[PDB]
Amino acid sequence: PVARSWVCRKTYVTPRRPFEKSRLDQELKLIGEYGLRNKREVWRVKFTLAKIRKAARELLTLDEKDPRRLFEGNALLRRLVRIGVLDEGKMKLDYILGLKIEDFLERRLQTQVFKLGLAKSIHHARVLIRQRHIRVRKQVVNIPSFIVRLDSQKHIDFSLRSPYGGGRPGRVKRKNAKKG
Amino acid sequence: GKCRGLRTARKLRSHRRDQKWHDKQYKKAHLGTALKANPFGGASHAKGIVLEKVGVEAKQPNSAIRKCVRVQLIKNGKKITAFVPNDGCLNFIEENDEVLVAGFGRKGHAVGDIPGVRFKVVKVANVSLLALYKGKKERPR
Amino acid sequence: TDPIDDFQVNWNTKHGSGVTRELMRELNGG
Amino acid sequence: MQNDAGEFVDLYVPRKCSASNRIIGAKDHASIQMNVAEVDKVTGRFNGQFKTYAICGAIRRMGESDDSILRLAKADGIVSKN
Amino acid sequence: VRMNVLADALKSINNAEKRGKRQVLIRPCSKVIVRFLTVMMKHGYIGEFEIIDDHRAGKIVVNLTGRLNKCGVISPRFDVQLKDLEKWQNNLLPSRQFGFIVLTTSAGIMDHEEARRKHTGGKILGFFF
Amino acid sequence: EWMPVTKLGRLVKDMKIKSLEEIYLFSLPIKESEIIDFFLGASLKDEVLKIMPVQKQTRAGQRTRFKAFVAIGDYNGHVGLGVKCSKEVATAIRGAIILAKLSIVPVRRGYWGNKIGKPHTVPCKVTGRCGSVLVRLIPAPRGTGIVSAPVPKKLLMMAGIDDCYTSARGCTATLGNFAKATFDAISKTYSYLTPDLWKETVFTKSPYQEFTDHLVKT
Amino acid sequence: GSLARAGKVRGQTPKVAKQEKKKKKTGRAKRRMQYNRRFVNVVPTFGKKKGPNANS
RNA sequence: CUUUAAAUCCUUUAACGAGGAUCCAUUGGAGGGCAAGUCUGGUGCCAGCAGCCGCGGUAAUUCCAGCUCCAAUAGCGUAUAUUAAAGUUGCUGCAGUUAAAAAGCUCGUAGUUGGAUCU
């Protein structure tokens with residue numbers, strides 16, 4: 001007996017066919033266009049979208065006045081609208097099945113700091129996030145996979161201690177100034 | 001045809017259970033004769049002592065000498081023949097030294113043009129054959 | 001070298017699979 | 001044919017056999033669409049009108065196109081009762 | 001010998017409709033056959049039918065309008081709950097847009113949609129589409 | 001330049017047939033691939049499914065021909081499959097493209113569930129058969145994609161099916177029978193009588209009757 | 001049938017030293033380079049759709 | 001500093017810390033299945049590769065290497081058990097003329113299944 005917990009799950013699934021040329025092309029397109037590190041990030045987003053589709057499909061089989069369908073579908077649609085993936089006017093379970101993987105990849109903190117103009121590119125965005133140059137609201141966020149919420153979208157700054165934000169120019173600038 | 005009655009569950013279940021024994025893989029797994037006959041005895045790997053170096057002739061369409069070793073397993077004292085996979089790797093094996101042998105990849109079936117050989121050497125003298133082949137390690141002295 | 005020609009000649013040889021792959025590359029994709 | 005917004009979403013609406021009420025396929029090249037001329041009530045001449053009958057290839061193959069066209073013409077007033 | 005007169009009736013209707021015939025004869029008639037036929041007809045799948053009354057067991061002459069793809073029986077009459085109805089629909093019906101599964105429930109013989117409306121289950125008699 | 005040989009070709013060349021659906025409605029045979037080139041020639045994409053060598057033994061050696069299986073179709077409801085055997089691979093492919101154009105059939109698309117938007121899947125479950133290969137197409141929810149083997153997937157994507165479940169039985173290793181069976185299953189979509197197709201059919205003048213004098217003066 | 005020749009070809013293969021080359025990019029940069037090579041560069045293409053390691 | 005029973009680890013602060021940023025990514029592959037070289041050198045049915053088909057008997061697209069390429073990536077290969085693939089155990093849902101298969105033929109208890117009909 002221990003006071004520990006052993007709850008853990010995988011956040012991705014590897015594809016059944018390892019060398020499907022079309023799938024390789026689409027996954028590489030996504031990686032390059034969103035500045036991802038590997039295929040596992042694509043598969044992670046694919047898996048969360050797939051589980052959302054599974055939940056929506058399970059709920060759509062139910063009666064339209066089932067309290068469980070109403071409650072859980074409303075919760076799922078609310079969670080989708082809150083993260084900015086689903087439009088607030090498209091608040092029906094059938095619009096969940098129309099969602100695409102690029103809708104979730106557009107809400108990443110990396111994509112958002114590239115779109116907001118804080119970075120010259122998407123790879124610059126990733127290296128800027130991992131280097132503690134970006135804060136969300138008041139909190140410094142280190143994780144490029146941080147899914148930015150709609151209310152949190154408008155507060156993404158350069159952090160109050162970064163050379164690009166507040167003061168204290170970095171180690172290289174200080175060394176250069178000292179050397180002359 | 002087959003029976004379709006609401007009270008045929010015993011008939012269907014029993015017929016399926018009897019007919020599953022004509023499945024070769026099911027019978028091999030559930031009869032217990034194959035596990036008894038298996039030199040590894042259900043293990044994935046086994047450690048053994050090299051008795052001699054034996055050269056195995058490749059089957060008729062091909063032509064080569066497959067450099068194998070006869071080994072005696074420590075667990076049960078059974079004598080098997082194990083392929084030494086890569087080239088020059090028979091020079092890494094001496095006589096009367098301990099080798100780790102695994103299956104050859106067909107779950108107890110011979111692989112390729114190597115008759116009656118279903119095992120391959122993985123380690124020799126507690127050093128992997130891959131490390132010795134690539135020069136990453138040397139056999140102990 | 002035209003892969004259609006290479007497939008026509010060498011499809012039944014040791015390089016039949018390779019010429020088939022090259023022919024399929026040329027036939028569809030551009 | 002239709003969706004929730006009400007518009008018709010099919011590419012086209014295929015014909016149905018006038019005898020069997022089965023869809024006539026795009027590649028049913030044995031199916032026919034025969035027009036039988038209407039005849040003026042008093043002079044017995046072609047008045048420019050006709051009645052159309054589509055018969056599928058299967059019905060023609062089983063030999064029943066003749067009786068089916070006869071039945072349709074009789075039910076259409078073209079062929080005299082009795 | 002013949003069991004399941006409804007199976008015979010449904011197979012006869014299916015075989016006649018596949019030959020493109022306008023009427024089909026069904027013998028023997030029964031209450032279950034008449035109710036299944038009424039369910040088929042209320043959805044426009046067969047048309048009018050006549051019950052010939054002989055003093056032993058009636059016959060039915062069913063007018064066929066060629067809108068029927070398959071009418072079939074499900075033997076045995078598995079008990080179906082309201083949860084299992086979706087799985088049965090997926091198994092049997094060609095689409096979620098059309099096709100019906102006929103059940104015998106304590107509220108009568110009805111299609112699966114009507115059984116969902118009355119919140120009842122029962123035993124599966126057959127299907128038609 | 002195209003010189004039509006058939007009545008249908010002459011009617012099509014002179015802009016008397018306004019759509020390919022008018023040809024399908026009357027189920028007229030299309031004996032000229034230039035008709036399809038006229039109607040859809042900007043959106044059709046042909047894919048060589050396979051080149052398969054076939055050998056006939058003779059007095060001295062095997063005479064070898066090459067059979068091209070080619071799938072064609074715009075991705076919006078039209079698809080065809082053509083097989084041509086010839087001495088040279090290039091002419092076999094040319095003939096197979098011609099034959100796939102000639103065999104283009106319409107594809108009926110439906111909805112899995114609620115009917116919002118354009119049709120995305122097969123209207124119902126449809127089975128096609130060719131030489132012990134049975135291919136079953138099942139409606140799928142929107143966004144599923146084609147859950148199938150690569151060979152039927154090519155033809156289903158070319159037919160404008162966005163999402164569909166697939167079952168297959170038999171020797172699907174024979175690519176020709178697999179492709180022909182899925183083409184049959186696709187072409188059976190418009191032959192299936194669904195209750196929305198119960199409305200009585202309003203008969204129209206056939207192209208040969210409507211534009212008769214045009215052909216008479218020719 | 002003798003074990004005298006057991007490392008023949010590997011023993012008699014002339015030894016060639018590996019050449020020194022700059023390090024390969026790793027992680028996101030390697031994927032960026034692959035994406036750029038396959039979807040932003042078109043000059044290597046000539047219409048034949050040749051492979052990426054073609055030698056003829 | 002903080003943490004903690006006391007520590008450690010995270011977190012926080014300061015100092016030093018990157019150019020071949022040498023502060024160097026690997027594991028398996030490149031005939032097909034299956035993504036990616038009938039490029040070069042060696043070997044010459046040998047050595048070996050090869051899950052399978054197959055490769056090697058003097059241009060080896062397959063072995064041993066160099067180069068190049070691709071697959072996943074702080075991971076990747078191998079053995080074995082097992083699941084899906086297997087509608088190759090089939091209740092859903094398989095077969096049984098000729099591919100494996102219907103008892104030589106009847107009777108027959110259990111088992112299974114049983115015609116219409118009562119508002």
Side-chain angles (χ1 to χ4, degrees), chain A residues 14 16-21 24 37-40 171-172 175, chain B residues 2-13 15-17 19-26 29 40 42-46 58 61-67 85-89 100-109 111-113 119-120 122 128 130, chain C residues 1 6 10 13-22, chain E residues 1-5 8 28-31 56-58 75-76 78 87 91, chain F residues 167 169, chain G residues 5-24 26-27 30-31 34 51-56:
Chain A
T14 71
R16 175 187 300 194
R17 301 177 180 264
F19 307 119
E20 223 200 87
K21 193 64 187 165
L24 290 166
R37 185 177 83 245
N38 46 2
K39 301 261 168 157
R40 190 192 301 131
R171 172 226 314 192
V172 174
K175 179 101 154 294
Chain B
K2 65 177 132 187
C3 41
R4 287 195 257 262
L6 272 162
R7 293 156 58 137
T8 45
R10 167 180 298 113
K11 184 55 189 278
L12 295 171
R13 189 189 30 165
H15 183 253
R16 176 53 56 233
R17 166 200 323 140
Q19 281 316 296
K20 265 199 281 187
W21 287 109
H22 298 79
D23 201 334
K24 162 214 307 313
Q25 282 143 97
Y26 178 90
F40 283 11
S44 43
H45 299 244
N62 274 353
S63 217
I65 297 298
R66 303 311 173 189
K67 275 89 198 189
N86 279 346
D87 90 1
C89 290
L100 177 83
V101 292
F104 216 167
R106 304 261 317 258
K107 283 86 212 147
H109 189 283
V111 193
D113 56 20
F119 307 104
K120 58 163 162 195
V122 180
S128 64
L130 193 132
Chain C
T1 288
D6 255 12
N10 291 121
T13 61
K14 171 196 164 155
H15 304 256
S17 46
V19 299
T20 303
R21 177 243 307 165
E22 278 319 307
Chain E
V1 309
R2 99 200 293 153
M3 305 87 185
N4 212 359
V5 295
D8 289 9
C29 157
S30 91
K31 292 177 309 190
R56 30 206 64 82
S75 200
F78 297 101
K87 294 171 200 76
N91 289 346
Chain F
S167 201
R169 136 155 292 201
Chain G
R5 321 144 281 177
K8 177 182 164 284
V9 153
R10 199 187 183 221
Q12 59 170 153
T13 306
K15 207 266 194 321
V16 180
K18 285 175 163 298
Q19 339 195 318
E20 243 182 333
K21 25 196 180 306
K22 88 170 327 199
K23 77 182 208 251
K24 312 210 175 252
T26 25
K30 181 171 180 181
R31 292 291 189 185
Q34 292 178 353
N53 198 9
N55 292 342
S56 45

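Residue numbers start from 1 in every chain, and the chains themselves are labelled A, B, ... in the order their sequence lines are given, proteins ahead of strands.
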> Is the CZ atom of B:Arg10 crowded by more than 12 outside heavy atoms at less than 6.0 Å?
Replying inline: no
>> For B:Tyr26, give me all partners under side chain to side chain contact (heavy atoms under 4.5 Å, CB included), at least two apart in sequence or on another chain.
In response: B:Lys20, B:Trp21, B:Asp23, B:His30
>> For the CZ atom of B:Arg4 and the CG atom of B:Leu12, what is their distance to the nearest 0.5 Å?
In response: 10.0 Å
>> Quick check for you: to the nearest 0.5 Å, what is the distance between C:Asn10 atom CG and C:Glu22 atom CD?
In response: 12.5 Å
Side-chain touch [X]/[Y], heavy atoms, less than 4.5 angstrom:
X        : Y       : answer
E:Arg2   : E:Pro28 : yes
B:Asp113 : B:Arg66 : yes
A:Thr14  : A:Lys39 : no

Phosphate OP1/OP2 of [N] contacted by [X] side-chain N/O (<4.0 Å):
X       : N      : answer
B:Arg7  : H:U112 : yes
G:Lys15 : H:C64  : no
B:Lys20 : H:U89  : no
A:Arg40 : H:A74  : yes
E:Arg2  : H:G115 : no
G:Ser56 : H:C39  : yes
B:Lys2  : H:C91  : yes
G:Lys8  : H:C46  : no
A:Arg37 : H:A74  : yes
C:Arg21 : H:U38  : yes
C:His15 : H:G31  : no
B:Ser63 : H:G56  : no
G:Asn55 : H:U68  : no
B:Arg16 : H:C91  : yes

> Pairing check, H:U83 versus H:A102: Watson-Crick or G-U wobble, both under 3.5 Å?
Replying inline: no
> Are H:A30 and H:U68 a base pair, Watson-Crick or G-U wobble, with both contacts under 3.5 Å?
Replying inline: yes
>> Could you check whether the six-membered base rings of H:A72 and H:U73, which sit next to each other in the strand, have centres less than 5.5 Å apart and planes tilted by under 30 degrees?
In response: yes
> Is the base of H:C34 stacked on the base of H:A35, judged by six-membered ring centres under 5.5 Å apart and planes under 30° apart?
Replying inline: no
Mind checking the [atom1] distance from [N] to [M]? Whole angstroms is fine.
N     : M      : atom1 : answer
H:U62 : H:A101 : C1'   : 43 Å
H:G77 : H:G51  : P     : 15 Å
H:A50 : H:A30  : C1'   : 15 Å
H:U13 : H:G29  : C1'   : 50 Å
H:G57 : H:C52  : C1'   : 24 Å
H:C24 : H:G33  : P     : 38 Å
H:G75 : H:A59  : P     : 47 Å
H:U58 : H:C53  : P     : 24 Å

> Partner of H:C63 by Watson-Crick or G-U wobble geometry, both contacts under 3.5 Å, or none?
Replying inline: H:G42
> Across all strands, who's sitting opposite H:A72 as a Watson-Crick or G-U wobble pair, both distances under 3.5 Å?
Replying inline: H:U26
Can a donor-acceptor pair under 3.5 Å be found between the side-chain atoms of [X] and the base atoms of [N]?
X       : N     : answer
A:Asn38 : H:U73 : no
B:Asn62 : H:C55 : yes
B:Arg66 : H:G48 : yes
B:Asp87 : H:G48 : no

Taking atom [atom2] of [N] as reference, at what distance in whole Å does atom [atom1] of [X] sit?
X        : N      : atom1 : atom2 : value
B:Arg10  : H:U112 : CZ    : P     : 8 Å
G:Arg31  : H:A72  : CZ    : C1'   : 7 Å
B:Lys120 : H:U78  : NZ    : P     : 8 Å
B:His15  : H:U89  : NE2   : P     : 14 Å
B:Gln19  : H:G93  : CD    : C1'   : 16 Å
G:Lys18  : H:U40  : NZ    : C1'   : 15 Å
G:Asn53  : H:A30  : CG    : P     : 13 Å
B:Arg13  : H:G90  : CZ    : P     : 14 Å

Can you give me the closest heavy-atom contact between [X] and [Y], atom names plus distance?
X       : Y        : result
A:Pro18 : A:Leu24  : O-CD2, 4.4 Å
C:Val19 : C:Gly16  : CG2-O, 3.1 Å
E:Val1  : E:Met3   : CG2-CE, 3.5 Å
B:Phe40 : B:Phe119 : CZ-CD2, 3.4 Å

> Which nucleotide, H:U80, H:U61, H:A71, lies nearest any side-chain atom of C:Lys14?
Replying inline: H:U61
Could you list, one pair per line, each protein nitrogen or oxygen that sits under 3.5 Å from a nitrogen or oxygen of nucleotides 15-19 of chain H, together with the distance?
from: H:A15; atom 1: OP1; to: A:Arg168; atom 2: NH2; distance (Å): 3.3
from: H:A15; atom 1: OP2; to: A:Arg168; atom 2: NH2; distance (Å): 2.5
from: H:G17; atom 1: OP1; to: A:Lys175; atom 2: NZ; distance (Å): 3.3
from: H:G17; atom 1: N1; to: A:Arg171; atom 2: NH2; distance (Å): 3.4
from: H:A18; atom 1: OP2; to: A:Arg171; atom 2: NH1; distance (Å): 3.3

> Just checking A:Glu20: base, sugar-phosphate only, or nothing, at a heavy-atom cut-off of under 4.0 Å?
Replying inline: nothing
> Hey, does G:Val9 reach any base, or is it just sugar-phosphate, or nothing, if we go heavy atoms under 4.0 Å?
Replying inline: base
> Closest nucleotide of RNA chain H for B:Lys11 versus for B:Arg4: which of these residues is on the 5' side?
Replying inline: B:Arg4
>> Which is more 5' along RNA chain H, the nucleotide nearest E:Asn91 or the one nearest A:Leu24? Just name the residue.
In response: A:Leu24
Sort me out a list of protein N/O and nucleotides 25-28 of chain H N/O pairs below 3.5 Å, or just none if empty.
from: H:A25; atom 1: OP1; to: G:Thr26; atom 2: OG1; distance (Å): 3.4

> Do G:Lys8 and G:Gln12 meet the criterion of a side-chain donor-acceptor pair at a distance under 3.5 Å?
Replying inline: yes
